[PDB]
Each structure stands twice: as C-alpha cells, then as structure tokens.
file my_file11.pdb (PDB, C-alpha atoms)
MODEL        1
ATOM      1  CA  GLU A  17      -2.935  47.975 117.645
ATOM      2  CA  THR A  18      -1.449  49.052 120.985
ATOM      3  CA  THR A  19      -4.388  49.911 123.265
ATOM      4  CA  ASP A  20      -3.530  49.268 126.926
ATOM      5  CA  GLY A  21      -4.998  46.090 128.360
ATOM      6  CA  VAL A  22      -4.630  42.373 128.930
ATOM      7  CA  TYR A  23      -4.496  40.220 125.763
ATOM      8  CA  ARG A  24      -4.777  36.560 124.837
ATOM      9  CA  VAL A  25      -1.867  35.098 122.873
ATOM     10  CA  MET A  26      -3.304  32.761 120.242
ATOM     11  CA  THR A  27      -1.684  30.376 117.777
ATOM     12  CA  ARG A  28      -3.184  29.112 114.537
ATOM     13  CA  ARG A  29      -1.845  25.708 113.532
ATOM     14  CA  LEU A  30      -2.947  23.937 110.359
ATOM     15  CA  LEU A  31      -6.401  23.313 111.898
ATOM     16  CA  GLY A  32      -7.939  25.449 114.605
ATOM     17  CA  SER A  33      -6.724  28.048 117.071
ATOM     18  CA  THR A  34      -5.689  27.653 120.691
ATOM     19  CA  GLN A  35      -4.618  30.035 123.431
ATOM     20  CA  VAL A  36      -0.973  29.594 124.394
ATOM     21  CA  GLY A  37      -0.700  32.442 126.880
ATOM     22  CA  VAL A  38      -1.532  35.994 127.908
ATOM     23  CA  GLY A  39       0.233  39.357 127.868
ATOM     24  CA  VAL A  40       0.042  43.004 128.950
ATOM     25  CA  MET A  41       0.012  45.990 126.594
ATOM     26  CA  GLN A  42       1.201  49.108 128.389
ATOM     27  CA  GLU A  43       2.772  52.330 127.125
ATOM     28  CA  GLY A  44       2.886  50.933 123.590
ATOM     29  CA  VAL A  45       4.808  47.782 124.574
ATOM     30  CA  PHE A  46       3.529  44.195 124.720
ATOM     31  CA  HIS A  47       4.777  42.143 127.689
ATOM     32  CA  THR A  48       4.669  38.374 128.115
ATOM     33  CA  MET A  49       6.722  35.404 129.315
ATOM     34  CA  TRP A  50       9.473  34.144 127.037
ATOM     35  CA  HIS A  51       8.292  30.556 127.090
ATOM     36  CA  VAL A  52       4.883  31.637 125.725
ATOM     37  CA  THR A  53       6.262  32.982 122.425
ATOM     38  CA  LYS A  54       9.942  31.943 122.462
ATOM     39  CA  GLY A  55      10.586  35.370 120.942
ATOM     40  CA  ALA A  56       8.503  34.842 117.795
ATOM     41  CA  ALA A  57       6.836  37.798 116.102
ATOM     42  CA  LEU A  58       3.158  38.398 116.847
ATOM     43  CA  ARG A  59       0.306  39.587 114.669
ATOM     44  CA  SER A  60      -1.949  42.345 116.017
ATOM     45  CA  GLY A  61      -4.735  42.928 113.536
ATOM     46  CA  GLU A  62      -3.142  43.687 110.177
ATOM     47  CA  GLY A  63       0.099  44.746 111.895
ATOM     48  CA  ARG A  64       3.165  42.932 113.166
ATOM     49  CA  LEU A  65       4.731  43.147 116.630
ATOM     50  CA  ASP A  66       8.458  42.426 116.612
ATOM     51  CA  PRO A  67      10.359  41.333 119.733
ATOM     52  CA  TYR A  68      12.525  44.047 121.251
ATOM     53  CA  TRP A  69      14.026  42.568 124.445
ATOM     54  CA  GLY A  70      14.045  39.088 125.956
ATOM     55  CA  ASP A  71      15.810  37.052 128.610
ATOM     56  CA  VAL A  72      15.334  33.309 129.078
ATOM     57  CA  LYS A  73      16.546  33.302 132.675
ATOM     58  CA  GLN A  74      13.943  35.883 133.723
ATOM     59  CA  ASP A  75      11.543  34.144 131.299
ATOM     60  CA  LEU A  76      10.301  37.505 129.956
ATOM     61  CA  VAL A  77      10.003  39.162 126.546
ATOM     62  CA  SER A  78       8.824  42.574 125.351
ATOM     63  CA  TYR A  79       7.579  43.693 121.929
ATOM     64  CA  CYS A  80       7.844  47.120 120.250
ATOM     65  CA  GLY A  81       9.947  48.634 123.042
ATOM     66  CA  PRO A  82      11.800  47.978 126.304
ATOM     67  CA  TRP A  83      10.116  46.433 129.342
ATOM     68  CA  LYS A  84       7.807  49.045 130.909
ATOM     69  CA  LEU A  85       6.357  47.280 133.978
ATOM     70  CA  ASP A  86       8.270  48.262 137.088
ATOM     71  CA  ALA A  87       5.955  47.925 140.102
ATOM     72  CA  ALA A  88       6.876  45.335 142.733
ATOM     73  CA  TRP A  89       5.011  43.494 145.485
ATOM     74  CA  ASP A  90       5.264  45.371 148.773
ATOM     75  CA  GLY A  91       5.802  42.050 150.600
ATOM     76  CA  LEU A  92       2.794  42.494 152.895
ATOM     77  CA  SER A  93      -0.455  43.071 150.982
ATOM     78  CA  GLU A  94      -2.842  40.833 149.087
ATOM     79  CA  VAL A  95      -2.635  40.887 145.283
ATOM     80  CA  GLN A  96      -4.894  39.900 142.396
ATOM     81  CA  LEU A  97      -4.142  37.488 139.595
ATOM     82  CA  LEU A  98      -5.974  38.846 136.557
ATOM     83  CA  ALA A  99      -6.297  35.408 134.976
ATOM     84  CA  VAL A 100      -7.342  35.094 131.335
ATOM     85  CA  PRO A 101      -8.249  31.399 130.985
ATOM     86  CA  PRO A 102      -8.672  29.935 127.503
ATOM     87  CA  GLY A 103     -12.297  30.138 126.473
ATOM     88  CA  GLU A 104     -13.400  32.337 129.384
ATOM     89  CA  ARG A 105     -13.680  35.981 130.298
ATOM     90  CA  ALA A 106     -10.878  37.527 132.323
ATOM     91  CA  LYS A 107     -11.351  37.209 136.072
ATOM     92  CA  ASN A 108      -9.635  38.495 139.211
ATOM     93  CA  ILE A 109      -8.425  36.054 141.867
ATOM     94  CA  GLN A 110      -7.274  37.680 145.101
ATOM     95  CA  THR A 111      -4.621  35.944 147.202
ATOM     96  CA  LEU A 112      -1.863  36.578 149.738
ATOM     97  CA  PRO A 113       1.459  35.647 148.076
ATOM     98  CA  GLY A 114       3.856  33.182 149.586
ATOM     99  CA  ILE A 115       7.596  33.558 149.044
ATOM    100  CA  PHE A 116      10.319  31.866 147.002
ATOM    101  CA  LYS A 117      13.493  32.150 149.102
ATOM    102  CA  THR A 118      16.632  32.163 146.956
ATOM    103  CA  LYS A 119      20.333  32.765 147.534
ATOM    104  CA  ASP A 120      19.853  36.171 145.847
ATOM    105  CA  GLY A 121      16.808  37.239 147.887
ATOM    106  CA  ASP A 122      13.086  36.616 148.178
ATOM    107  CA  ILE A 123      10.509  36.546 145.382
ATOM    108  CA  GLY A 124       6.767  36.722 145.953
ATOM    109  CA  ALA A 125       4.833  33.692 144.738
ATOM    110  CA  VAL A 126       1.162  32.832 144.270
ATOM    111  CA  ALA A 127      -0.143  29.332 145.013
ATOM    112  CA  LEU A 128      -2.765  29.460 142.256
ATOM    113  CA  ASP A 129      -3.018  26.712 139.607
ATOM    114  CA  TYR A 130      -4.789  27.824 136.409
ATOM    115  CA  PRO A 131      -4.718  26.197 132.935
ATOM    116  CA  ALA A 132      -1.457  26.404 131.014
ATOM    117  CA  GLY A 133      -2.723  28.940 128.459
ATOM    118  CA  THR A 134      -2.933  31.433 131.349
ATOM    119  CA  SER A 135       0.848  31.979 131.445
ATOM    120  CA  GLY A 136       1.639  35.688 131.143
ATOM    121  CA  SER A 137      -1.456  36.719 133.082
ATOM    122  CA  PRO A 138      -0.678  39.846 135.130
ATOM    123  CA  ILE A 139      -0.571  40.035 138.909
ATOM    124  CA  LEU A 140      -1.844  43.357 140.271
ATOM    125  CA  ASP A 141      -1.367  45.426 143.393
ATOM    126  CA  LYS A 142      -4.265  47.259 145.034
ATOM    127  CA  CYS A 143      -3.638  50.329 142.850
ATOM    128  CA  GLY A 144      -4.013  48.207 139.706
ATOM    129  CA  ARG A 145      -0.300  48.284 138.857
ATOM    130  CA  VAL A 146       1.165  45.175 137.278
ATOM    131  CA  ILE A 147       3.707  43.789 139.756
ATOM    132  CA  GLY A 148       4.610  40.732 137.669
ATOM    133  CA  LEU A 149       3.399  37.955 135.387
ATOM    134  CA  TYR A 150       2.079  34.502 136.268
ATOM    135  CA  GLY A 151       3.323  31.169 134.996
ATOM    136  CA  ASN A 152       6.933  30.312 135.873
ATOM    137  CA  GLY A 153       7.233  28.328 139.071
ATOM    138  CA  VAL A 154       7.478  24.998 140.898
ATOM    139  CA  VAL A 155       5.270  22.102 141.957
ATOM    140  CA  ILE A 156       5.482  21.226 145.635
ATOM    141  CA  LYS A 157       3.167  18.394 146.755
ATOM    142  CA  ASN A 158       1.388  16.205 144.203
ATOM    143  CA  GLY A 159      -0.136  18.642 141.714
ATOM    144  CA  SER A 160       0.141  21.870 143.732
ATOM    145  CA  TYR A 161       1.640  24.499 141.417
ATOM    146  CA  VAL A 162       3.143  27.719 142.837
ATOM    147  CA  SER A 163       4.048  30.561 140.458
ATOM    148  CA  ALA A 164       6.735  33.170 140.934
ATOM    149  CA  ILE A 165       5.518  36.752 140.639
ATOM    150  CA  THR A 166       7.927  37.410 137.741
ATOM    151  CA  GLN A 167       8.798  41.076 137.152
ATOM    152  CA  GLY A 168      11.304  42.657 134.798
ATOM    153  CA  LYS A 169      13.345  45.843 135.015
ATOM    154  CA  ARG A 170      12.220  49.169 133.563
TER
ATOM    155  CA  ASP B  50       1.031  32.187 113.183
ATOM    156  CA  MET B  51       0.686  33.767 116.632
ATOM    157  CA  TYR B  52      -1.701  36.671 117.167
ATOM    158  CA  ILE B  53      -3.091  38.625 120.101
ATOM    159  CA  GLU B  54      -6.660  39.529 121.052
ATOM    160  CA  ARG B  55      -7.666  42.040 123.727
ATOM    161  CA  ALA B  56      -9.346  40.432 126.753
ATOM    162  CA  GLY B  57      -9.895  43.232 129.291
ATOM    163  CA  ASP B  58      -8.766  46.275 131.226
ATOM    164  CA  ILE B  59      -6.044  45.971 133.839
ATOM    165  CA  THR B  60      -8.085  46.725 136.960
ATOM    166  CA  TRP B  61      -8.385  45.667 140.574
ATOM    167  CA  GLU B  62     -11.827  44.158 141.285
ATOM    168  CA  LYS B  63     -13.591  44.734 144.603
ATOM    169  CA  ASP B  64     -15.678  41.572 144.098
ATOM    170  CA  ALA B  65     -12.812  39.185 143.339
ATOM    171  CA  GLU B  66     -13.009  35.780 144.936
ATOM    172  CA  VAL B  67     -10.210  35.068 147.421
ATOM    173  CA  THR B  68      -8.298  31.799 147.576
ATOM    174  CA  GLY B  69      -4.891  30.155 147.779
ATOM    175  CA  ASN B  70      -2.249  29.368 150.420
ATOM    176  CA  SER B  71       0.886  31.451 151.153
ATOM    177  CA  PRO B  72       3.700  28.890 151.250
ATOM    178  CA  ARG B  73       7.310  29.801 152.018
ATOM    179  CA  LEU B  74       9.698  27.754 149.873
ATOM    180  CA  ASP B  75      13.444  27.592 149.351
ATOM    181  CA  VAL B  76      14.180  27.434 145.617
ATOM    182  CA  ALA B  77      16.981  27.820 143.090
ATOM    183  CA  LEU B  78      16.810  29.357 139.609
ATOM    184  CA  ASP B  79      19.016  27.910 136.881
ATOM    185  CA  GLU B  80      20.262  29.468 133.668
ATOM    186  CA  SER B  81      17.285  28.116 131.680
ATOM    187  CA  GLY B  82      14.914  30.073 133.928
ATOM    188  CA  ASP B  83      13.688  26.918 135.691
ATOM    189  CA  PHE B  84      12.967  26.990 139.419
ATOM    190  CA  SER B  85      13.751  23.916 141.503
ATOM    191  CA  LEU B  86      13.099  23.139 145.156
ATOM    192  CA  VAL B  87      15.978  23.311 147.611
TER
ENDMDL
END
call {"tool": "encode", "arguments": {"input": "my_file11.pdb", "output": "structure tokens"}}
result
Amino acid sequence: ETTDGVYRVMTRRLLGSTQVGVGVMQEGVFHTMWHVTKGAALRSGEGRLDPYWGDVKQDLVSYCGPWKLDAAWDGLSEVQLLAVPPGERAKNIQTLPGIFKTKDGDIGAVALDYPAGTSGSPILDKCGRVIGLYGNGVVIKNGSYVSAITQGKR
Amino acid sequence: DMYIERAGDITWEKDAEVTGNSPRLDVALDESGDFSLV
C-alpha cells in the first residue's frame, strides 16, 4: 500500500494500540521522523515497509526509497500544519512560522503544541507542498513548545 | 508491531483556523538531533 497521503503510525503492544506518530506517503516513499520509528520496519496492510534512509541528526527516516520531499519554506508566507492527532480526524492549522537561528543558518519553526503522537505531521505551503515535518524542537517558557520545520534533502 | 493507516489527503484548507506566535530564537543542534536554546 503506497497511495499518496498522510498516515497515522500505530503500535500494537501486548494490549491495545496507540498512535506514536504520523508520516507522509509520496511518490511511493513513506516519510517520518526518526524518533517516531527509530528505523523499525512498518506494516502496511499485508505488506512490509523497510527503512531505506535515515539520519538521527536530521531526525528523519524514509521507507521504500530515498527522501522525496524537497519543498522549503519561502521565509515570508503563512503555512499550514496538517496535524493528525491521535483519535481525531486530520485538521489544518494555519500559522506564521517563527525562526530558529543557528550558526549554520535559519530554520523556520512553528509555535504550535499538539499531542506527542502528532510527530511527523506535515507542514504545507500554500500550494500544498510538504515543506517539512512537525515534532522536533524546543520548549521556551513554561510549557510553550516550538517545533522546527524539519525538511530533508531530495 | 508498528503499522500505518491512511488519515487524509495532503491539501491546503481555505477554512483552517489560524493561531500561534512567530518567535525568533537562537538555538543549537547537537549530534543526537536535539535542539537547545542559546
């Protein structure tokens, strides 16, 4: 199963399922954050998805092929988090990104704080292109989470 | 046992709610992929 879309990543323990994250299927490749799966194989129906590429520092992993998502934030426009919360239908949250300033350049960041099982949710530009994934970031104040817009390299 | 389940199209929504600040933060990224505030 490789139909394009956003997907929940679920885990079955000994008793009951839970959502551990989210991912993007595009061009036959499944994309998520490394810390969601830690590189483990995934089941998709009766088939198996094997990891293909991964990098802990970028916190990204791809299944069935190399990373395909290459769009980037234009640094000016609003974006949408396509959040897939556990137990709820997918929903779009529009926001203007802030910025992580690093010694190696700036990274867009969204100051949106959704439940943990939302990690891997895609961030979209106004043309619907995935410009990165949600869920690796920092906490600034008390509980105010800010996520990098994490994008790989195609 | 991890498995995936489709949850929607990848689409921009004209009726999305809008929210969130736009903070500018100095950060560092270490080899484990962890951001920290500078």
call {"tool": "residues_near_point", "arguments": {"input": "my_file11.pdb", "point": "(-1.9, 48.5, 113.0)", "cutoff": "12 Å", "atoms": "all atoms listed in the file", "output": "number ranges by chain"}}
result
A: 17-19, 44, 58-65
call {"tool": "resolve_selection", "arguments": {"input": "my_file11.pdb", "expression": "the ChimeraX specification (/B :<8) & /A", "output": "PyMOL selection string"}}
result
chain A and resi 20-29+56-61+72-75+96+98+100+105-119+125-128+140-145+152-154+156
call {"tool": "write_last_selection", "arguments": {"input": "my_file11.pdb", "atoms": "C-alpha atoms", "output": "PDB file, in the frame of the given file"}}
result
ATOM      1  CA  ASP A  20      -3.530  49.268 126.926  1.00  0.00           C
ATOM      2  CA  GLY A  21      -4.998  46.090 128.360  1.00  0.00           C
ATOM      3  CA  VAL A  22      -4.630  42.373 128.930  1.00  0.00           C
ATOM      4  CA  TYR A  23      -4.496  40.220 125.763  1.00  0.00           C
ATOM      5  CA  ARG A  24      -4.777  36.560 124.837  1.00  0.00           C
ATOM      6  CA  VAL A  25      -1.867  35.098 122.873  1.00  0.00           C
ATOM      7  CA  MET A  26      -3.304  32.761 120.242  1.00  0.00           C
ATOM      8  CA  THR A  27      -1.684  30.376 117.777  1.00  0.00           C
ATOM      9  CA  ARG A  28      -3.184  29.112 114.537  1.00  0.00           C
ATOM     10  CA  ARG A  29      -1.845  25.708 113.532  1.00  0.00           C
ATOM     11  CA  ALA A  56       8.503  34.842 117.795  1.00  0.00           C
ATOM     12  CA  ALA A  57       6.836  37.798 116.102  1.00  0.00           C
ATOM     13  CA  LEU A  58       3.158  38.398 116.847  1.00  0.00           C
ATOM     14  CA  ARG A  59       0.306  39.587 114.669  1.00  0.00           C
ATOM     15  CA  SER A  60      -1.949  42.345 116.017  1.00  0.00           C
ATOM     16  CA  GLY A  61      -4.735  42.928 113.536  1.00  0.00           C
ATOM     17  CA  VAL A  72      15.334  33.309 129.078  1.00  0.00           C
ATOM     18  CA  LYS A  73      16.546  33.302 132.675  1.00  0.00           C
ATOM     19  CA  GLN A  74      13.943  35.883 133.723  1.00  0.00           C
ATOM     20  CA  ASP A  75      11.543  34.144 131.299  1.00  0.00           C
ATOM     21  CA  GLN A  96      -4.894  39.900 142.396  1.00  0.00           C
ATOM     22  CA  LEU A  98      -5.974  38.846 136.557  1.00  0.00           C
ATOM     23  CA  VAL A 100      -7.342  35.094 131.335  1.00  0.00           C
ATOM     24  CA  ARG A 105     -13.680  35.981 130.298  1.00  0.00           C
ATOM     25  CA  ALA A 106     -10.878  37.527 132.323  1.00  0.00           C
ATOM     26  CA  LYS A 107     -11.351  37.209 136.072  1.00  0.00           C
ATOM     27  CA  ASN A 108      -9.635  38.495 139.211  1.00  0.00           C
ATOM     28  CA  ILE A 109      -8.425  36.054 141.867  1.00  0.00           C
ATOM     29  CA  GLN A 110      -7.274  37.680 145.101  1.00  0.00           C
ATOM     30  CA  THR A 111      -4.621  35.944 147.202  1.00  0.00           C
ATOM     31  CA  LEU A 112      -1.863  36.578 149.738  1.00  0.00           C
ATOM     32  CA  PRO A 113       1.459  35.647 148.076  1.00  0.00           C
ATOM     33  CA  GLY A 114       3.856  33.182 149.586  1.00  0.00           C
ATOM     34  CA  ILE A 115       7.596  33.558 149.044  1.00  0.00           C
ATOM     35  CA  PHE A 116      10.319  31.866 147.002  1.00  0.00           C
ATOM     36  CA  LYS A 117      13.493  32.150 149.102  1.00  0.00           C
ATOM     37  CA  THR A 118      16.632  32.163 146.956  1.00  0.00           C
ATOM     38  CA  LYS A 119      20.333  32.765 147.534  1.00  0.00           C
ATOM     39  CA  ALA A 125       4.833  33.692 144.738  1.00  0.00           C
ATOM     40  CA  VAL A 126       1.162  32.832 144.270  1.00  0.00           C
ATOM     41  CA  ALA A 127      -0.143  29.332 145.013  1.00  0.00           C
ATOM     42  CA  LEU A 128      -2.765  29.460 142.256  1.00  0.00           C
ATOM     43  CA  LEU A 140      -1.844  43.357 140.271  1.00  0.00           C
ATOM     44  CA  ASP A 141      -1.367  45.426 143.393  1.00  0.00           C
ATOM     45  CA  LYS A 142      -4.265  47.259 145.034  1.00  0.00           C
ATOM     46  CA  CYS A 143      -3.638  50.329 142.850  1.00  0.00           C
ATOM     47  CA  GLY A 144      -4.013  48.207 139.706  1.00  0.00           C
ATOM     48  CA  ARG A 145      -0.300  48.284 138.857  1.00  0.00           C
ATOM     49  CA  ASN A 152       6.933  30.312 135.873  1.00  0.00           C
ATOM     50  CA  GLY A 153       7.233  28.328 139.071  1.00  0.00           C
ATOM     51  CA  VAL A 154       7.478  24.998 140.898  1.00  0.00           C
ATOM     52  CA  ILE A 156       5.482  21.226 145.635  1.00  0.00           C
TER      53      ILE A 156
END
call {"tool": "atom_distance", "arguments": {"input": "my_file11.pdb", "atom1": "CA of residue 155 in chain A", "atom2": "CA of residue 101 in chain A"}}
result
19.7 Å
call {"tool": "atom_distance", "arguments": {"input": "my_file11.pdb", "atom1": "CA of residue 83 in chain A", "atom2": "CA of residue 138 in chain A"}}
result
13.9 Å
call {"tool": "atom_distance", "arguments": {"input": "my_file11.pdb", "atom1": "CA of residue 35 in chain A", "atom2": "CA of residue 132 in chain A"}}
result
9.0 Å
call {"tool": "axis_aligned_box", "arguments": {"input": "my_file11.pdb", "around": "range 75-80 of chain A", "padding_each_side": "4 Å", "output": "JSON"}}
result
{"center_x": 9.6, "center_y": 40.6, "center_z": 125.8, "size_x": 12.0, "size_y": 21.0, "size_z": 19.0}
call {"tool": "resolve_selection", "arguments": {"input": "my_file11.pdb", "expression": "the PyMOL selection byres ((chain A and resi 67) around 12)", "output": "number ranges by chain"}}
result
A: 45-50, 53-59, 64-66, 68-71, 76-83
call {"tool": "residues_around", "arguments": {"input": "my_file11.pdb", "residues": "residue 137 in chain A", "least_positions_apart": "3", "cutoff": "7 Å", "atoms": "only C-alpha atoms", "output": "PyMOL selection string"}}
result
chain A and resi 38-39+98-100+134+149-150
call {"tool": "decode", "arguments": {"input": "my_file11.pdb", "residues": "range 82-98 of chain A", "atoms": "N, CA and C atoms", "output": "PDB file, in the first residue's frame"}}
result
ATOM      1  N   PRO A  82      14.483   6.713  -1.396  1.00  0.00           N
ATOM      2  CA  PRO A  82      15.137   7.894  -0.812  1.00  0.00           C
ATOM      3  C   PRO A  82      14.111   8.977  -0.512  1.00  0.00           C
ATOM      4  N   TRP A  83      14.526   9.930   0.319  1.00  0.00           N
ATOM      5  CA  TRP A  83      13.671  11.050   0.719  1.00  0.00           C
ATOM      6  C   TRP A  83      13.219  11.833  -0.510  1.00  0.00           C
ATOM      7  N   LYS A  84      11.905  12.041  -0.644  1.00  0.00           N
ATOM      8  CA  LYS A  84      11.339  12.670  -1.839  1.00  0.00           C
ATOM      9  C   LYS A  84      10.847  14.100  -1.616  1.00  0.00           C
ATOM     10  N   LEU A  85      10.698  14.541  -0.376  1.00  0.00           N
ATOM     11  CA  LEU A  85      10.117  15.850  -0.099  1.00  0.00           C
ATOM     12  C   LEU A  85      11.203  16.920  -0.152  1.00  0.00           C
ATOM     13  N   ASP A  86      11.070  17.862  -1.071  1.00  0.00           N
ATOM     14  CA  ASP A  86      12.142  18.834  -1.237  1.00  0.00           C
ATOM     15  C   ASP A  86      11.703  20.293  -1.164  1.00  0.00           C
ATOM     16  N   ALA A  87      10.414  20.576  -0.985  1.00  0.00           N
ATOM     17  CA  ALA A  87       9.995  21.969  -0.887  1.00  0.00           C
ATOM     18  C   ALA A  87      10.452  22.571   0.438  1.00  0.00           C
ATOM     19  N   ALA A  88      10.656  23.887   0.434  1.00  0.00           N
ATOM     20  CA  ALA A  88      11.152  24.612   1.595  1.00  0.00           C
ATOM     21  C   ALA A  88      10.290  25.841   1.830  1.00  0.00           C
ATOM     22  N   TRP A  89      10.213  26.272   3.087  1.00  0.00           N
ATOM     23  CA  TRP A  89       9.503  27.498   3.436  1.00  0.00           C
ATOM     24  C   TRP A  89      10.136  28.683   2.722  1.00  0.00           C
ATOM     25  N   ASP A  90       9.299  29.567   2.170  1.00  0.00           N
ATOM     26  CA  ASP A  90       9.844  30.723   1.466  1.00  0.00           C
ATOM     27  C   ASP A  90      10.295  31.830   2.415  1.00  0.00           C
ATOM     28  N   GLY A  91      10.145  31.641   3.729  1.00  0.00           N
ATOM     29  CA  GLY A  91      10.607  32.600   4.714  1.00  0.00           C
ATOM     30  C   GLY A  91       9.708  33.797   4.935  1.00  0.00           C
ATOM     31  N   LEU A  92       8.560  33.860   4.274  1.00  0.00           N
ATOM     32  CA  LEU A  92       7.703  35.034   4.329  1.00  0.00           C
ATOM     33  C   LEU A  92       6.239  34.690   4.560  1.00  0.00           C
ATOM     34  N   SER A  93       5.761  33.583   4.001  1.00  0.00           N
ATOM     35  CA  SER A  93       4.340  33.275   3.932  1.00  0.00           C
ATOM     36  C   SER A  93       3.878  32.448   5.128  1.00  0.00           C
ATOM     37  N   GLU A  94       2.572  32.478   5.367  1.00  0.00           N
ATOM     38  CA  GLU A  94       1.956  31.559   6.311  1.00  0.00           C
ATOM     39  C   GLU A  94       2.008  30.132   5.772  1.00  0.00           C
ATOM     40  N   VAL A  95       1.943  29.167   6.688  1.00  0.00           N
ATOM     41  CA  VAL A  95       1.969  27.749   6.348  1.00  0.00           C
ATOM     42  C   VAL A  95       0.827  27.061   7.089  1.00  0.00           C
ATOM     43  N   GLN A  96       0.601  25.790   6.769  1.00  0.00           N
ATOM     44  CA  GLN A  96      -0.389  25.005   7.498  1.00  0.00           C
ATOM     45  C   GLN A  96       0.240  23.739   8.052  1.00  0.00           C
ATOM     46  N   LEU A  97       0.070  23.530   9.351  1.00  0.00           N
ATOM     47  CA  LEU A  97       0.320  22.229   9.951  1.00  0.00           C
ATOM     48  C   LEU A  97      -0.886  21.343   9.660  1.00  0.00           C
ATOM     49  N   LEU A  98      -0.665  20.250   8.935  1.00  0.00           N
ATOM     50  CA  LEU A  98      -1.715  19.256   8.746  1.00  0.00           C
ATOM     51  C   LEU A  98      -1.560  18.250   9.886  1.00  0.00           C
TER      52      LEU A  98
END
